[PDB]
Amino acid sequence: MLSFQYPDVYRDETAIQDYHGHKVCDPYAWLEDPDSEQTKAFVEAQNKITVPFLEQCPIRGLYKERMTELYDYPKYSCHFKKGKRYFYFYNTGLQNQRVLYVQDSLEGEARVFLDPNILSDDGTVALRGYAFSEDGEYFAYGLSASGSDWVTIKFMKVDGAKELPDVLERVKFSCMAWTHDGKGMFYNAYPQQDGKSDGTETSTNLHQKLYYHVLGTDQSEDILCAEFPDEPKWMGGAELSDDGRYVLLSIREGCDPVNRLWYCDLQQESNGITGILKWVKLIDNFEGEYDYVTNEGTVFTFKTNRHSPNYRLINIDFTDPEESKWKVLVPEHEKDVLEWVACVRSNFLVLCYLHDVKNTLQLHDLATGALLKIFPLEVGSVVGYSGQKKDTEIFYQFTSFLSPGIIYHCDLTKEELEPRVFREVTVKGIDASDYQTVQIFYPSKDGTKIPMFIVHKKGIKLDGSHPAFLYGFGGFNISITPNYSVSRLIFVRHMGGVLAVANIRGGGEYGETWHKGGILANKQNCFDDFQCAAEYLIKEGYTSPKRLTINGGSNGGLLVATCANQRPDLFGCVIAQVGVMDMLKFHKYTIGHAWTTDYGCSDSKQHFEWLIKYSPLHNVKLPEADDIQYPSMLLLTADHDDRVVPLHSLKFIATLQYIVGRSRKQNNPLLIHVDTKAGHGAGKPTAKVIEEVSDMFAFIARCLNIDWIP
């Protein structure tokens, strides 16, 4: 199998740090500098062995060809109205980036409004955020290059798609909100910093501020509206109330679903937006989340988790703000999570719930909160929606494991609300009726029942002979719901595989309690839950250890890397994408400081004690038993991944190759592929997406010796 030799990698044996009395050696600390000749040489040498390994077996070509054929289907976003026009995103099939279209009426001819594809040869410049002025006549849009979180905001006049001179730099993790007078827009920007700000730097991002840009002026003239100099990690995002009277500021610190909520009655400004606004600190702590839904005068409707982990809707009257006075409009459900809420047609509320990891959609009355209509959906997820307060209709997109998705439309002006299919596309080549999706609940180590979806060809024998692909994330209140994936379906159909997704703790599937069950001191619950999912698939006969592959990205990369260290005997292959591997230093780079709410921080003695036990980089160790080696492992990262700096994967693979790779019993490959002109993943062009999945499945195919099934 292995016809390559791992590259020489210098070990700085003097790199020792004391963590509250615990000495930790970091021999590859030098890989933290992306710009050094040493790090660049390291990346080149790794890619040098990884690429030929992935490209050698013709199965990569077969997969790539089938992926290009099957992924080539029309992809539409929900239509949405702004002013007197309708807009929608659309990709004919294989365009690198989806294009934004505009039409003057639902029946009118559409025309290209904004095509990101012409901004680069390889589709590496992508739209990242946008906002139309209240009247829909002006448009602001963010552009990111090479996958970086950094954004440059540009502007256009909608009538005639005219490019305007306005350009905003140093924008990142930014809100985009126009004042209803159409004069300008609020946005966030970071102070100037030494070195690069292109996605290849590792510099921590602090002191984000809120600015107001007046259309037709230079950015140097922008008004500073809010800043938190004594709290470097605070981030304040603005949004205008539906009536345009109030600017609502949501201040966050970390990744927990909580925020301070301050407001500014624009009518009360002495002379417009001229400097720091007269903020009224309605909710001035980080004890709960308050997500604006709508307001009627001074009565504000918010979605909250304040003493309601499954979320609920409350009305806070700015004129009688005390908590004891808040009205509960839609009480918290016993088990179902209220995911999001939208106000449409003035007095209707669209509520989307997650019931056992499946979405439900319903219409409620704004005044009473009473249920009015249930919008029927098959088992799956609602991944798109449109319908603001002044709109008289809604569009929503549904997807599932076996269906590319349906876009529905409902005219809310009709006495009898009847949702209708507005757009639907089927993928020729994947007959959804040949497969079935089942949801089971398995007990974890502590007995907690964890949901898991399994997708497989109908009528298979549970004899343990099938290759399996198990996916998990487990963290940040993120719910892993059903979604359509051509790449995974090719694994099922053409590689005879079984797909599994485990809804492990740390996610938001069962509200904030589920989230808390997989963070801080309890992070190990995530790893235990996932390992138990693998054991369930094995015990029930869906697969066997040597045929099992586990995959996860970012926090999911951490998930699979830890599982490889803790239970190498349980998996045959592990693909960790853009994963956090150095749990002792993650907080030091870019936006990593925000993740301490889920993981803790090594600066704390108590936290260090939890972290050191599972940190991937610090737990690589040769399996005790002679008959056990590490599973085949592939780490995937990119040079502009400024979300999770690539040094995580670089130090981790150096460690894996040295400690485990050098052992005689280790025959399974331990590799890394670092892509160029790409980042964490958002905005990645179709061409790159195709290459990435082709790499993943070719790796699985080679390592597990799986034959292609025509």
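All residue numbers refer to positions in the sequence shown, first residue = 1.
**Student:** May I ask you to compare 127 to 135 and 376 to 384 by their mean CA B factor in the entry and name the higher one?
**Tutor:** Mean B over CA atoms: larger for 376 to 384.
**Student:** Which of the two stretches, 225 to 233 or 455 to 463, shows the higher mean Cα temperature factor in the record?
**Tutor:** Comparing 225 to 233 with 455 to 463, the higher mean C-alpha B-factor belongs to 455 to 463.
**Student:** Specify which of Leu634, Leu329, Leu106, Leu558 carries the largest Cα B factor in the deposited PDB entry.
**Tutor:** Largest recorded C-alpha B-factor: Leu106.
**Student:** Looking at the C-alpha B-factor values in the deposited entry, which of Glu289, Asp284, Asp626, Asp317 comes out highest?
**Tutor:** In the PDB entry, the greatest C-alpha B-factor among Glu289, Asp284, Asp626, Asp317 is found at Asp626.
**Student:** State the tercile, meaning the lowest, middle or highest third, of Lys688 with respect to the CA B-factors recorded for its chain.
**Tutor:** Answer is middle: the recorded C-alpha B-factor places it there.
**Student:** Would the CA B-factor of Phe473 place it in the lowest, middle or highest third of its chain?
**Tutor:** According to the entry, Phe473 has a C-alpha B-factor in the chain's lowest third.
**Student:** Taking the entry's C-alpha B-factors for this chain, is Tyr614 in the lowest, middle or highest third?
**Tutor:** It belongs to the lowest third of the chain when residues are ordered by C-alpha B-factor.
**Student:** Can you tell me which third, lowest, middle or highest, the CA B-factor of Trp340 falls into for its chain?
**Tutor:** Within its chain, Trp340 is a middle-third residue by C-alpha B-factor, going by the deposited values.
**Student:** Per the entry's values, where does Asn47 land by CA temperature factor relative to the rest of its chain, in the lowest, middle or highest third?
**Tutor:** Its C-alpha B-factor, which the entry lists for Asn47, ranks in the middle third among residues of this chain.
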